[PDB]
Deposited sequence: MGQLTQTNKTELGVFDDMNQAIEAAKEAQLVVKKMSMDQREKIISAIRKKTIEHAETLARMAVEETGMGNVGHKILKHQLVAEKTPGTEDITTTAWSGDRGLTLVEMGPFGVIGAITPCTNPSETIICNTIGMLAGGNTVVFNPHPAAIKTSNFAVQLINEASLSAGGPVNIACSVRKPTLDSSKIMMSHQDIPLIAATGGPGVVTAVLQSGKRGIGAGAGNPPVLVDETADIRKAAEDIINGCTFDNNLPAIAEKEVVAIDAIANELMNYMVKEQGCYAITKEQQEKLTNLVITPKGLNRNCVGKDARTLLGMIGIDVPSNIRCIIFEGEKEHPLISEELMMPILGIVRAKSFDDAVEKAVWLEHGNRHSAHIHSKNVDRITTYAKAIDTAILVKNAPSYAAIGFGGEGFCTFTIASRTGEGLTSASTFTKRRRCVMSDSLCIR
């Protein structure tokens, strides 16, 4: 249901559906969107269980919360807005119109979250969407597509507002990328897929990688910073791109911070020898060990023969491979800094020019400003866990497509629209 044997079929189906969607009222779109939100909540446990079973990554309870967040806080048609300028020369409107059929490449970390979040946004703007799901999360992804189409059916149709394929491949992704009925592709993934999309001759909205540092200075609430940082790091076993993945801590509070992490936040400190063993396990000749990504801390420790604990920590240099590299594992090094400017320099290196996400615990407005300016990320969270950036304990809406590479930031319905100016000359200014 919405799932096809080949990519050309999927696209044609979505194209037919879009002729209806584009003519639907906002109330009609919103009825479908409401049905999607409801079904996402109703089946959050199933979606969450499916992802862990299929990919081996993450954990069920956190994926339930992520789907609840998508359902509650993804913008709908209220995100489609109009500007008006009027005067003696008349009325000029700027509207957000559909692109048409949008292609979307989705990850195996937040598979159904991305699919459902993209769909709500894209439908609100009058589009339909065709997915090429990640090959490691195909069943989970297509289940979400099927749910979306059931929701639309329950609200009177049409079917195929979201489409996918049974056996997504590099080849089927290439059919999408070169298909002339797809004017826009939303690429949520790694530099591999995204560069390909930005080489397609289409507009591409491109997520990128991150390696988010969290800087803690001596003005911070250190007890709360420990709680926030481990909560954010270990959320869905560090799978989210936004999650804290290393700490830069001012010398004077580093011991207090790590002590709290061990004593109150379920962190286990590993020795140099244990760091060496863990490094050899999780970084391989083929790169990141796929058998380790998104595993919980107790499992990773077990894998190297070390038997409550939810995070692995240690103090190290920024160049340490478990600190400099984005692991998507609950492994969190603490880098000690001599001074604030030292700390900012370390955090900037650690972010690696991704301009994705960065975090700080500090009560000082000048410090916060300095860091924000220097690090220049799509996301900056101050005195909360990273997930405050997508509306979990922070103001603002949720997305799972953070267009750090192409600059649109946290994408929503308005992102996936074409701008149209309508100039009504010398009339309809009523003033």
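- Gaps without C-alpha coordinates occur at 1 to 11, 319 to 321, with positions taken along the deposited sequence from 1.
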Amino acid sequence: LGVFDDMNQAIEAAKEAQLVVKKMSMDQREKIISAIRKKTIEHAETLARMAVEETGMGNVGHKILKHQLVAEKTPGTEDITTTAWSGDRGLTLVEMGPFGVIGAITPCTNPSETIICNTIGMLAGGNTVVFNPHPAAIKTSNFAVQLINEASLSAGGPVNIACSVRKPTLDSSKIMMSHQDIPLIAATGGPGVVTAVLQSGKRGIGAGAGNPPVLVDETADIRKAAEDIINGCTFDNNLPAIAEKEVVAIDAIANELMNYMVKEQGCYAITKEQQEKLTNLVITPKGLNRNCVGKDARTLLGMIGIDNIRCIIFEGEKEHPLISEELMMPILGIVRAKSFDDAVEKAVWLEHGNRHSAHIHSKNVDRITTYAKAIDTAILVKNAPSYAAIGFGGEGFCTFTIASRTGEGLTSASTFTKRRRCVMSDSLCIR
From here on, numbers count along this sequence of modelled residues.
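- With 84 to 92 and 182 to 190 compared on mean CA B-factor from the PDB entry, the stretch scoring higher is 182 to 190.
- Annotation for 298 to 306 versus 131 to 139: the higher mean temperature factor (C-alpha) is found in 298 to 306.
- In this structure the maximum Cα B-factor among 117, 153, 334, 344 is found at 153.
- Per the deposited record, 290 carries the highest C-alpha B-factor of all listed residues (290, 355, 73, 245).
- Ranked by C-alpha B-factor against the other modelled residues of its chain, residue 366 falls in the middle third.
- Among all modelled residues in its chain, residue 325 ranks in the middle third by Cα B-factor.
- Annotation for residue 373: C-alpha temperature factor in the middle third relative to the rest of the modelled chain, per the entry.
- The PDB entry assigns residue 37 a C-alpha temperature factor belonging to the middle third of its chain's modelled residues.
- Per-chain ranking of the deposited C-alpha B factor places residue 385 in the lowest third.
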